Structure formats: structure tokens, C-alpha cells
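Undergrad: Quick one: structure below, then a few questions.
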Amino acid sequence: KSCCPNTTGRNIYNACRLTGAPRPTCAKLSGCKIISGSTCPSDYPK
């Protein structure tokens, strides 16, 4: 899944996405990152 440091980062990432902006751009606007793994590491749990 998608892997964000904080709730606020998940929120911005999500707001970027909802306003139809592409995933990688939103990922770096937020500072999230993306894995295959169902759960993310302890530092990017959201």
C-alpha cells in the first residue's frame, strides 16, 4: 500500500489525489512512498 509518515501527510496526500493529481507527484508533495506490502514500516505506517 501507500506509506505516509503522519496523519497530516496522509491528509495532504489524499487531498492531492482527490483533486485528480497523479500518485507519484502527490507522494512527494506529502513525502509518502509506495510498497506492495499490505502493511508499511513503523516509520511510514499511515
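Note: ideal-geometry Cβ built from the backbone for every residue, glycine included; neighbour counts use all protein chains shown. Only the coordinates and a few stated rules stand behind these numbers; no lab work does.
Results for (1) of a type outside the set (A, V, I, L, M); (2) in contact with a helix residue (DSSP H, G or I) (Cβ under 7 Å, 6 or more places away or on another chain), shown as yes or no for each residue.
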| position | (1), (2) |
| --- | --- |
| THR8 | yes, no |
| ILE12 | no, yes |
| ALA15 | no, no |
| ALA21 | no, no |
| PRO24 | yes, no |
| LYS28 | yes, no |
| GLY31 | yes, yes |
| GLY37 | yes, no |
| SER42 | yes, no |
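Undergrad: Right, something else. Give the residues of the range 1-22 that are surrounded by 11 or more Cβ atoms within 10 Å (Cβ to Cβ) and more than 19 Å from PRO41 (Cβ to Cβ), sorted by residue number.
TA: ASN11, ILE12, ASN14, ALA15, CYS16, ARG17, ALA21
Undergrad: Output the residues belonging to the range 21-46 that are part of a loop (DSSP other than H, G, I, E, B), under 8 Å from the mean Cα position of the chain (by Cα) and closer than 11 Å to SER2 by Cβ.
TA: Within the range 21-46, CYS32, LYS46 qualify.
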